[PDB]
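Written below as structure tokens is the structure these notes are about.
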Amino acid sequence: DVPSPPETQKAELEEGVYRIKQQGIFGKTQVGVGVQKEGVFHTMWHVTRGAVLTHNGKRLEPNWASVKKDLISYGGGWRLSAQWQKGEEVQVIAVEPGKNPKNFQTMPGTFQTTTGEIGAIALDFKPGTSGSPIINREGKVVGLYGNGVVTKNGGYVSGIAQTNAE
Amino acid sequence: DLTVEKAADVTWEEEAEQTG
Amino acid sequence: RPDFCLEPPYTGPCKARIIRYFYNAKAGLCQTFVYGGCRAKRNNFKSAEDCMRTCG
């Protein structure tokens, strides 16, 4: 903690799920997805690599970033407080490039670590879906989709990427 | 510099696609 | 060639959509592919110029 914390521009976005677009080869394309909640925009670190977001004539810098957790928030600290509970089904609001958002329901498995346990989503969406929210039956975001592993048989399994709310 | 565009609201859909 | 120039492009285990160039030794030129954002292999370039310089 410090006496005079620095200030970034506010994420002036309505709550909801957003496509994140980047200028690249071929022009502007959807690189990933993010979730605006309580004035803070949340996505996966690998999607933006901490780049500035621009909206409403304002340049938005990340307020919190962790490469290790693969998560990043703009406009403030992490606000997604919900946790996945083992044995409960979730939905992913998959926002694929060029497609209408669609909800997919699944029962997560688990990834094992010496640290602890992380939910595992065996769903394989198109590139550009990273940052799509994983939600519980209350409509709360328990994590973000898109940091995963390719299994020996070519199947994709995503972690449920989450951190504690500030 | 990245831009954003709204695509959806956060909702559980009772007839979402099964199954994962 | 370097030898990594001869390896197929690798999207990796993350689900971002990042267009990159790889060297296609059969075609003898650099083409685009979708990189996922994590665990890049060496045949993966931000520009055609840089791809042709190292693999061409």
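By convention here, the chains of the structure tokens are called A, B, ... in the order presented, each chain's residues are numbered starting at 1, and ligands are numbered starting at 1 in the order presented.
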
(request) Give the residues of chain C that lie within 10 Å of chain A; count only C-alpha atoms, and format the answer as a count of residues only. (result) 20

(message) Between atom CA of residue 123 of chain A and atom CA of residue 105 of chain A, what distance in Å does the model show, to one decimal?
(response)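 Computing it gives 9.5 Å between the two atoms.
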
(message) Quick check, in Å to one decimal: how far apart do atom CA of residue 15 of chain A and atom CA of residue 56 of chain A lie?
(response) 15.2 Å

(request) List the neighbours of residue 133 of chain A out to 7 Å using only C-alpha atoms; skip same-chain residues closer than 2 positions along the sequence, and give me the result as number ranges by chain. (result) A: 92-93, 131, 135, 141, 143-145

Take the residues from that selection and write them out as a CSV table (one decimal), in the first residue's frame, keeping N, CA, C and O atoms.
chain,number,residue,atom,x,y,z
A,92,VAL,N,-20.3,-22.1,-20.6
A,92,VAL,CA,-19.4,-21.2,-21.2
A,92,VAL,C,-20.2,-20.3,-22.2
A,92,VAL,O,-20.9,-20.9,-23.0
A,93,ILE,N,-20.1,-19.0,-22.0
A,93,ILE,CA,-20.6,-18.1,-23.0
A,93,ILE,C,-19.6,-17.9,-24.1
A,93,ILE,O,-18.7,-17.0,-24.0
A,131,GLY,N,-10.9,-15.7,-22.9
A,131,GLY,CA,-11.6,-14.6,-22.2
A,131,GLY,C,-13.1,-14.8,-22.0
A,131,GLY,O,-13.7,-14.1,-21.3
A,135,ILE,N,-19.6,-19.6,-16.3
A,135,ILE,CA,-20.6,-19.1,-15.3
A,135,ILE,C,-21.3,-20.2,-14.6
A,135,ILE,O,-21.5,-21.3,-15.0
A,141,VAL,N,-19.7,-15.2,-12.8
A,141,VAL,CA,-18.5,-15.7,-13.6
A,141,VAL,C,-17.5,-16.3,-12.6
A,141,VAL,O,-17.0,-15.7,-11.7
A,143,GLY,N,-14.9,-18.0,-13.8
A,143,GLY,CA,-13.5,-18.0,-14.4
A,143,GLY,C,-13.6,-17.7,-15.8
A,143,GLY,O,-14.7,-17.5,-16.4
A,144,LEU,N,-12.4,-17.7,-16.5
A,144,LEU,CA,-12.3,-17.4,-17.9
A,144,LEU,C,-11.7,-18.6,-18.6
A,144,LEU,O,-10.8,-19.3,-18.1
A,145,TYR,N,-12.2,-18.8,-19.8
A,145,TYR,CA,-11.9,-19.9,-20.7
A,145,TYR,C,-10.7,-19.5,-21.6
A,145,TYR,O,-10.7,-18.4,-22.1

Counting only C-alpha atoms, which residues of chain A fall within 7 Å of chain B, and what is the closest atom pair for each with its distance in Å at one decimal, ordered by chain and rising number, as a tab-separated table?
residue	atom	partner	partner_atom	distance
A:16	CA	B:9	CA	4.5
A:17	CA	B:8	CA	5.0
A:18	CA	B:6	CA	4.2
A:19	CA	B:5	CA	5.2
A:20	CA	B:4	CA	4.6
A:21	CA	B:3	CA	5.2
A:22	CA	B:2	CA	5.0
A:51	CA	B:1	CA	6.2
A:52	CA	B:1	CA	5.3
A:53	CA	B:2	CA	4.5
A:54	CA	B:3	CA	5.4
A:55	CA	B:3	CA	6.4
A:91	CA	B:12	CA	6.8
A:101	CA	B:8	CA	6.6
A:103	CA	B:16	CA	5.1
A:104	CA	B:17	CA	4.7
A:105	CA	B:18	CA	5.3
A:106	CA	B:20	CA	3.8
A:107	CA	B:20	CA	6.3
A:122	CA	B:20	CA	6.2
A:123	CA	B:20	CA	6.0
A:137	CA	B:12	CA	5.8
A:139	CA	B:11	CA	5.0

(request) Can you check which residues of segment 5-73 of chain A DSSP gives as strand (DSSP E or B) on the backbone and send them as a count of residues only? (result) 38

(request) Using only C-alpha atoms, pick whichever of C:39, C:31, C:45, C:23 has the shortest atom-to-atom distance to residue 5 of chain C. (result) C:23

(message) Quick check, in Å to one decimal: how far apart do atom CA of residue 34 of chain A and atom CA of residue 13 of chain A lie?
(response) 11.4 Å
